[PDB]
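Novice: Same order as they appear, the protein sequences are chains J and D.
Under the entry's author numbering, the first residue of the first sequence is numbered 3, with each subsequent residue one higher.
Numbered per the entry's author numbering, the second sequence spans residues -1 to 1014, 1023 to 1090, 1097 to 1282.
All residues carry an ideal CB built from backbone N, CA and C; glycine is no exception.
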Amino acid sequence: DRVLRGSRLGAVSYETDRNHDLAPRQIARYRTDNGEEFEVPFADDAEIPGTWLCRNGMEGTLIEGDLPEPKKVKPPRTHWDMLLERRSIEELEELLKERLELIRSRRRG
Amino acid sequence: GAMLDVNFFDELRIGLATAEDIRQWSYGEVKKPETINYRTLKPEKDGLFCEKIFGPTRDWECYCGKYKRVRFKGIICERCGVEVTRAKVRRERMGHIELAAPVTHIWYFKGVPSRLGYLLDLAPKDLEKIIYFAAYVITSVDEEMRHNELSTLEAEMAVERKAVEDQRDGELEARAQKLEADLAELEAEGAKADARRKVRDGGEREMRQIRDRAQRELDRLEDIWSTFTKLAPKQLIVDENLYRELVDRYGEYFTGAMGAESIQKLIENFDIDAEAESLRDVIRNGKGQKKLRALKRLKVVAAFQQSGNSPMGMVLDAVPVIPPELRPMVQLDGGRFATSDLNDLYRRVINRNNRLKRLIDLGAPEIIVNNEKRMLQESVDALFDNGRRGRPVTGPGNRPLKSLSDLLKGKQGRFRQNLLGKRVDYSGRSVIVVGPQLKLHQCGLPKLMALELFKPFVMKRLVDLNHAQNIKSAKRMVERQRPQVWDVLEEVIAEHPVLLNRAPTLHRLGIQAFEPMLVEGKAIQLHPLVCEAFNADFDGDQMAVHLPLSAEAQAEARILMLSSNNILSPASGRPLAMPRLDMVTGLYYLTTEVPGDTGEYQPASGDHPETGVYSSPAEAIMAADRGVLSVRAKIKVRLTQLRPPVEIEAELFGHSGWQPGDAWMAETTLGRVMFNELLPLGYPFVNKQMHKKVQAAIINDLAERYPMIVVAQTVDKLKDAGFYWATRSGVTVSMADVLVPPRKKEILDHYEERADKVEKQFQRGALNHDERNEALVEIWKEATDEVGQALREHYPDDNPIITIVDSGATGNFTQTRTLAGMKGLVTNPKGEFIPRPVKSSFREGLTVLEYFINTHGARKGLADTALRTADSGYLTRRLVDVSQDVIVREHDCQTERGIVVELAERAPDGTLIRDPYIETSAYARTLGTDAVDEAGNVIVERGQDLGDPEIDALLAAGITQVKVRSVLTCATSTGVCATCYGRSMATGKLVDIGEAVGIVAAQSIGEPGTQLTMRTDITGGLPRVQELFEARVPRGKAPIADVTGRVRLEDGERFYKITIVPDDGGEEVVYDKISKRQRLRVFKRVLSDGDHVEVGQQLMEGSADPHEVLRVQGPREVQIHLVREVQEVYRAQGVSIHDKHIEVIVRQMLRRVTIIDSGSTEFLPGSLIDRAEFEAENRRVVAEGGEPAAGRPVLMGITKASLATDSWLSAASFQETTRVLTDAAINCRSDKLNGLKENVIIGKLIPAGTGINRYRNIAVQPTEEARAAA
DNA sequence: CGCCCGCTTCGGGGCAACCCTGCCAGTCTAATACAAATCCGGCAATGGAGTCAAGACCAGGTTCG
DNA sequence: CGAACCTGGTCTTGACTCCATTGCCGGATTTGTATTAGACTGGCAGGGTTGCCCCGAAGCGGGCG
Ligand SMILES: [Mg+2]
Ligand SMILES: [Zn+2]
Ligand SMILES: [Zn+2]
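1. Tell me the DSSP bridge mates of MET515(D)?
2. Is any non-hydrogen atom of ligand 1 found closer than 6 angstroms to the C-beta of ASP535(D), if you look at the structure I gave you?
3. My parser needs the alpha helix (DSSP H) runs of 4 or more residues fully inside the segment 1208 to 1271 of chain D; what are they?
4. Would you mind reading off the limits of the beta strand (DSSP E) that contains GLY254(D)?
5. Quick check: is the beta carbon of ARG37(D) nearer than 7 angstroms to any beta carbon in chain J?
6. Ordered along the chain, which non-local residues of its own chain (more than five positions away) have a Cβ less than 7 angstroms from that of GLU939(D)?
7. Are the C-beta atoms of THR33(D) and some chain J residue less than 7 angstroms apart?
8. Please name the residue, chosen from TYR1062(D), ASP1070(D), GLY1072(D) and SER1100(D), that lies closest to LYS1082(D) on a Cα-to-Cα basis.
9. Using alpha carbons as the reference points, say which of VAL517(D), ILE557(D) and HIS525(D) lies closest to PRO495(D).
10. From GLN262(D) to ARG1241(D), what does the alpha carbon distance come to, in whole angstroms?
11. With three or more beta-carbon pairs closer than 8 angstroms as the criterion, would you say the segment 482 to 502 of chain D touches the segment 391 to 409 of chain D?
12. Given a limit of 8 angstroms on CB to CB distance, which residues of the segment 334 to 364 of chain D reach chain J?
13. Within the 7 angstroms Cβ cut-off, does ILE491(D) reach chain J?
14. Is any heavy atom of ligand 1 found at a distance shorter than 6 angstroms from the C-beta of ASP539(D)?
15. I'd like to know if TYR25(D) contacts chain J, where contact means its C-beta is closer than 7 angstroms to some C-beta of that chain.
16. Checking contacts by CB at 7 angstroms: is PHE70(D) closer than that to chain J?
17. Going by DSSP, name the residue or residues bridged to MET663(D).
18. Near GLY1203(D), what residues of its chain come up, given a Cβ to Cβ distance below 6 angstroms and the 5 sequence neighbours on each side ignored?
19. Assuming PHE131(D) contacts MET256(D) under a Cβ cut-off of 8 angstroms, what Cβ separation, rounded to an integer in Å, is found between them?
20. Check this for me: beta carbons of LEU953(D) and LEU910(D), under 7 angstroms apart or not?
21. Quick one: residues in its chain with C-beta nearer than 8 angstroms to the C-beta of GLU1174(D), no 5 flanking neighbours on either side, listed in chain order?
22. What separation, rounded to the nearest whole angstrom, lies between the Cα atoms of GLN657(D) and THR667(D)?
23. Does the beta-carbon of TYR872(D), which I'm using as the reference point, lie nearer than 6 angstroms to any heavy atom of ligand 2?
24. Report buried or exposed for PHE536(D), applying the criterion of at least 16 other Cβ atoms within 10 angstroms of its Cβ.
25. Taking its Cβ as the centre, do 16 or more other Cβ atoms sit within 10 Å of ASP950(D), making it buried, or is it exposed?
26. For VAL671(D), list the residues DSSP reports as bridge partners.
27. Should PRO326(D) and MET92(D) be called a contact, given that it needs their Cβ atoms to be closer than 7 angstroms?
28. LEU97(D) lies in the alpha helix (DSSP H); which residues open and close that run?
29. I'd like to check one pair, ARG1052(D) with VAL1067(D): are the Cβ atoms closer than 7 angstroms?
30. Okay, do the segment 677 to 696 of chain D and the segment 637 to 646 of chain D touch, 3+ Cβ pairs below 8 angstroms being the bar?
31. In three-state DSSP terms, what is residue 1016(D)?
32. Near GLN482(D), which residues of its chain fall below 7 angstroms by C-beta distance, leaving aside the five closest residues on each side in sequence?
33. Could you tell me which chain J residues have their CB closer than 9 angstroms to the CB of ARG56(D), listed as they occur along the chain?
34. Round the Cβ separation of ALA336(D) and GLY12(J) to the nearest angstrom and send it over; I've been treating them as touching at under 8 angstroms.
35. Which residues of chain J have a Cβ atom closer than 8 angstroms to the Cβ of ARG21(D), listed in chain order?
36. Counting C-beta neighbours from all protein chains within 10 Å, is the total for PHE452(D) 16 or more, i.e. buried, or is it exposed?
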């Protein structure tokens, strides 16, 4: 029916491809844990982030030793959490004693 | 090297990639199986289309939109993370996937021969059990710990089996006690004598099956002990239970894993050097199967040794992702999106990798994790090649998907579909019509098409004439077609050539360059004298108009590809501007002579004078317009502008009759005078009857002696005169003009009686079923011949059907025989003859059954025509890639070697009878030696073109054999010189120093196929030619001799037995398994016993294999054999091909030599290397201690010759792209781009014709004298 | 005694012309419950960006004494 | 020869309007995650017929430490 024609989801602009002056810009250095260095050109008036997902793909921090204490979140839910929220300590300790005397009565008779 | 790929190239070096190369190519790590947010239609973060990883979708805009101009470029937005740049980096930036478990690559595993298998010495049947998690593999073992805890653990084994026997004599003692209980309860009461011992048989059967239990588990323990003693790396422990027991009892002493990480561990623990030298030692000493497998592994082992390639890259750790625009998700108008079928495979890999990562993080049992790693392996295998191993991964509708390997393989890969043959702009097509008023270099062109071809030209020009304010009003003025655009269009067309393709382009003249001119209508008018080159009848054929643009392109079209500069063949040099068909008839009627016609010359006197003389052809034309002179009567004109023939010139003038003033009388017809006025002034008078062969000889002479423009104008004049007298010839077809032979019924009765007697003798049992068919076939062939003979003698000469044939215009005599007379024998669908046969002409009208018999042969012929074409075009496709590198480099090799030519063999009475096939085998060749005879003078010196007059001089002086050069023995390095190639058959002069004569050779060989029928078990047509060029072993193999002597002939059981009796002697060569279905070779008489055979005499009848005649009679005789054997086929179809084309191909066949001895330098035995490299290596290695590598010549077919080339790019683009690509990647075989398809591929300028630096770097300045005068 | 190798057969990948000409493929236990994120709708700090009115200000082309 | 003019802009000044642009701030919606207690325990299932060629794999008859 129609048509065929299609478009990539994005605009194609055309201006002057000038090279003589630009907006001036800095170069920051981020570092992964495993000794990898990466340089990222940020603009001048730009709040440079402390951590940055690098070209390698693992999370990389900045080479300046500030360490802004990101306060990493809790472990989500463990099997200990799903067990503890449906039982109690004296019951689990009772079962622990039962298996303890079970391996005892197995072993030495 | 260049990353943005400016056109500076010296190499193209493929190589097996490593993981540190892959995660250095990438700009990010794709880690989510998402493409586009469903609601905003923008790409996801860390997905398959992320603008952070792959670049922006919008020109100079980030993702959060905080930067939107060019002034922010090269920088990265500190919130969205998308580098602001141009939006064509999504064409080029790649990404990678960090896998959670290692995965083997599929090409180095699955494709036969397997490369992991040859590298590790593993079988593929058992390696598939490793990398698909079906069997364990031992990757390491401790030696000395096994060496002493072998004693300690066999002591422990003895303790264990003694405890087993403690259990076993517990069994013995317990059932002994229960068996004496069976005694004490069976023999202690009242019971039956057998029922008291059924419990005896019961407990004894219990002990039998119980000792079977103990015996089987002791056999299990014995098996596991034998396995731990004979444990070694590269071993496979199948049977899961045994491996688990073996590990948890002997958990030290060895490491052994399962899958691709274990293969990676084996590649880590693998000395290639000692392994390689062990293989060198095995080929130093071994034999048989071991030596062949040692060679086949030494190939890839030395391949990994020589280069700097670690073989660690055969397993894979990080998989890279093709850029987003190469797998684009484009939307159509209406939201129906279009993914590119790789996105689903990457989503499968990303899903399975993330699931593996969460399973390993969560802690999962071994079954689930190994299932997930097998799924990951199959996902990567489907990504690299879907459909390779197992079931192809389907999509919706059960359509197999298109992986990365399916983007290159076959006809629809990038190579054959988009690298070599492209849709082009500035183009158009239309249907064609005949243009008989055009000049030879002109052509028609419909103005409604030219106005769209030349639209930028006409746009510029009618801006320049102030008809438009600017370009946009000019474009709208074009699109509305305001009528002064046509007046501008004439000026932009004039002197600007166009090309005229016609698919299928069989040979070189399918593209020619014509000057266009404007034509009313919408059909391209083609000049009629290029129909023979284009193979273009006017049944509705269509031709494509191209348009050259640059000054170099217009000059190439104007000078090389023009119509009037390409008259002759490229193959045999006969003209293709020759006037054929209709025109020829016209000329025939114009130069034929009718005795007893109106107004002849009779010398009768006494009462009146002769009334035959005419003072001028002007007066003759006036007396022809009045009804006195016929055109075709014999008169005596007095000519003053035409050159008389050589005898009359030497008679009337002797030496220097110059014609524009002189006068001389001649008895000819008026038609021949009007005909000779077409030909130029220097050409002598002809005075014959213009048969088509006569016109061919005239145009060949006039093209060989005069310049080209004279030939073009003469051919145009012949076309005009031929049409104008073809109308007047009165050639019509009416059924009153198809006369039937009057004696036909008597002939049919006389052969009907013989058919009746053969049928009667079959009915009375005197002969079987086949011999009566053969007798009837021969009788009706005799009948067909007699009916055709009576038909031939019945017709007059001015019958138009026989006039068209005997002029030579078209049609053989058999078509007249089938119009009137007898159809004859009509073939079976299988190929035999139907014995009935058809006895009615097509004038009388056939009956029902006769027509139904004729349909068999008609449909068989038409389907055979279709399939052959496909095969002929495919043969041409193979030959072009074979001889793509035979281009003429030097002016002169300056050798002295060269072949001899048969050249008019000796008569038995003793004369020089001319050899009939001289024009294909002797002409257009340059002598290396001289012609001397009876200790006389030289006749033809060294290095002459050797045309017709010097061949006539040699046959006059009386020699038979000349030693002439050839492209077989041109001693230049890369392709032939010029003087070995001789005269270029297209120009008539010597070949240039830029020609691609391999392509011309390949096109002229596989061009005239199609029409190459077969015959009524030797293969005798196009499959015969194909098995010759493929260097196959033929079907009807007839073995040749090996040494002279008399023969040991014997007819064994149901087939033959032939042996050569030697003459020194030696060992008798015995030929046993020769079928009695064959025939013995006849010569001069049949092969009789005790007859003296040659060294390479052909024994039986059939086809000799070229390998055997290479091995017996060397390279020269197999060159003679191949050329003679192909040209035998092409002469059997009556097709003129000069031998130098076949010699170009055979010279490409006989390049390489084989290695039977390594010497001590670099050459694996059985490998095939080039001859020049072989000789240069021996020249290097005679110094530094002398040893020769021993070489023998090989004759290899053209597929293997094309695939074993030096450039991996051409061999990848030809055929078998996967295997060529993978072993080139192993060898790290760097291309040098020096060939001919490669520069076509990468778009730079090819090294042939106007591309080579002898012509591409010409400095062109104005001369100083005209500079000063300017 | 069990041990190994030369021909045979079975299987398996690759290829089989070329122009136009076409145009969009499938299916089921089902919901709550809550929280982070996102977004969007409406005033509310603006001050920057534009707009008009008015005039001061020249210093030169137009006319009277 | 000078007086007076009126008009080319040239530029500024001040007053007023409008309008984007964050900034809270609260409700709507949107997306992710978790949880449902009788028992339920190893797939559908389809195609596939050309012919020829080259090569590599498995096997069977042949002799042998
Ligand atoms: Mg046609
Ligand atoms: Zn952004
Ligand atoms: Zn040469």
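Specialist: Checking against the coordinates, here is how it stands:
1. Sequence index remark: in the second sequence, residue 515(D) carries index 517 (1-based). According to DSSP, which records beta bridges pairwise, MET515(D) is partnered with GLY442(D).
2. In the second sequence, the residue the question calls residue 535(D) occupies position 537. Result yes, Cβ under 6 angstroms from ligand 1.
3. DSSP runs (the alpha helix (DSSP H)) wholly in the segment 1208 to 1271 of chain D: 1210 to 1215, 1220 to 1226, 1229 to 1239, 1249 to 1253 and 1265 to 1268.
4. As a working mapping, residue 254(D) is identified with position 256 in the second sequence. Start and end: 252 to 255.
5. Counted from its first residue, the second sequence places residue 37(D) at position 39. Residue contact with chain J for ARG37(D): absent (no Cβ-Cβ distance below 7 angstroms to any residue of chain J).
6. The residue you call residue 939(D) lines up with position 941 of the second sequence. Hits under 7 angstroms: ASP928.
7. By one-based count along the second sequence, residue 33(D) stands at place 35. Chain J contact via Cβ: absent.
8. Position 1076 of the second sequence, counting from 1, holds the residue named residue 1082(D). Among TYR1062(D), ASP1070(D), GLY1072(D) and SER1100(D), the Cα nearest to that of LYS1082(D) is on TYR1062(D).
9. The residue labelled residue 495(D) in the question sits at position 497 within the second sequence. Of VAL517(D), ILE557(D) and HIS525(D), the residue nearest in Cα terms is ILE557(D).
10. For this step, residue 262(D) is matched to residue 264 along the second sequence. For this step, residue 1241(D) is matched to residue 1229 along the second sequence. Looking at the two C-alpha atoms, the distance is approximately 24 angstroms.
11. Contact fails between the segment 482 to 502 of chain D and the segment 391 to 409 of chain D, because fewer than three Cβ pairs, one in each stretch, are under 8 angstroms apart.
12. Against chain J - using a Cβ distance shorter than 8 angstroms - the residues of the segment 334 to 364 of chain D are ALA336.
13. In the second sequence, the residue the question calls residue 491(D) occupies position 493. By this cut-off, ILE491(D) is not an interface position.
14. For the purposes of this step, residue 539(D) is identified with residue 541 of the second sequence, where counting begins at 1. At least one heavy atom of ligand 1 is nearer than 6 angstroms to the Cβ of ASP539(D), so yes.
15. Here the question's residue 25(D) lines up with position 27 in the second sequence. By this cut-off, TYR25(D) is an interface position.
16. On the second sequence, residue 70(D) is found 72 positions in, with the first residue counted as 1. It does; some Cβ of chain J falls within 7 angstroms.
17. To locate residue 663(D), count along the second sequence from 1; it is residue 665. Its beta-bridge partners are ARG636(D).
18. What you label residue 1203(D) is simply residue 1191 of the second sequence in a count that begins at 1. Excluding sequence neighbours, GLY1203(D) sits near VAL1165 and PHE1186.
19. As a working mapping, residue 131(D) is identified with position 133 in the second sequence. As a working mapping, residue 256(D) is identified with position 258 in the second sequence. Indeed they touch by this definition, with Cβ atoms about 6 angstroms apart.
20. Taking the second sequence and counting its residues from 1, the one referred to as residue 953(D) is at position 955. Taking the second sequence and counting its residues from 1, the one referred to as residue 910(D) is at position 912. Result yes, Cβ atoms of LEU953(D) and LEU910(D) sit closer than 7 angstroms.
21. Taking the first residue of the second sequence as position 1, residue 1174(D) is located at position 1162. Counting only Cβ-Cβ distances below 8 angstroms, and skipping sequence neighbours, we find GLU1189.
22. Here residue 657(D) refers to the residue found at position 659 of the second sequence. Here residue 667(D) refers to the residue found at position 669 of the second sequence. Straight-line Cα distance between these residues: approximately 20 angstroms.
23. Along the second sequence, one-based indexing puts residue 872(D) at 874. No; taking the cut-off as 6 angstroms, the Cβ of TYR872(D) has no heavy atom of ligand 2 nearer than that.
24. Residue numbering aside, residue 536(D) sits at position 538 when the second sequence is read from its first letter. Looking at its Cβ environment, which holds fewer than 16 other Cβ atoms inside 10 Å, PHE536(D) is exposed.
25. Here residue 950(D) corresponds to residue number 952 of the second sequence, with the count starting at 1. It counts as exposed.
26. For this step, residue 671(D) is matched to residue 673 along the second sequence. According to DSSP, which records beta bridges pairwise, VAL671(D) is partnered with nothing at all.
27. Numbered from its first residue, the second sequence carries residue 326(D) at position 328. Numbered from its first residue, the second sequence carries residue 92(D) at position 94. No; because the gap between Cβ atoms is not below 7 angstroms, this pair is not in contact.
28. Mapped onto the second sequence, residue 97(D) falls at position 99. Here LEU97(D) belongs to no alpha helix (DSSP H); instead the beta strand (DSSP E) covers 93 to 102.
29. Taking the first residue of the second sequence as position 1, residue 1067(D) is located at position 1061. Taking the first residue of the second sequence as position 1, residue 1052(D) is located at position 1046. Their beta carbons are under 7 angstroms apart, which means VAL1067(D) touches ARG1052(D) by this criterion.
30. yes
31. Not modelled: residue 1016(D), which lies between 1014 and 1023, the two residues flanking a gap in chain D.
32. As a working mapping, residue 482(D) is identified with position 484 in the second sequence. These residues qualify, in order along the chain: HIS465.
33. Position 58 of the second sequence, counted from the start, is the residue given in the question as residue 56(D). What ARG56(D) touches in chain J: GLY12, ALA13, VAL14 and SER15.
34. Counting from 1 along the second sequence, the entry for residue 336(D) is found at position 338. Counting from 1 along the first sequence, the entry for residue 12(J) is found at position 10. With a Cβ gap of about 15 angstroms, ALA336(D) and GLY12(J) do not count as contacting.
35. Your numbering for residue 21(D) matches position 23 in the second sequence. The answer, in chain order, is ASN58.
36. Looking up residue 452(D) in the second sequence gives position 454. With 16 or more Cβ atoms within 10 Å of its Cβ, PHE452(D) is classed as buried.
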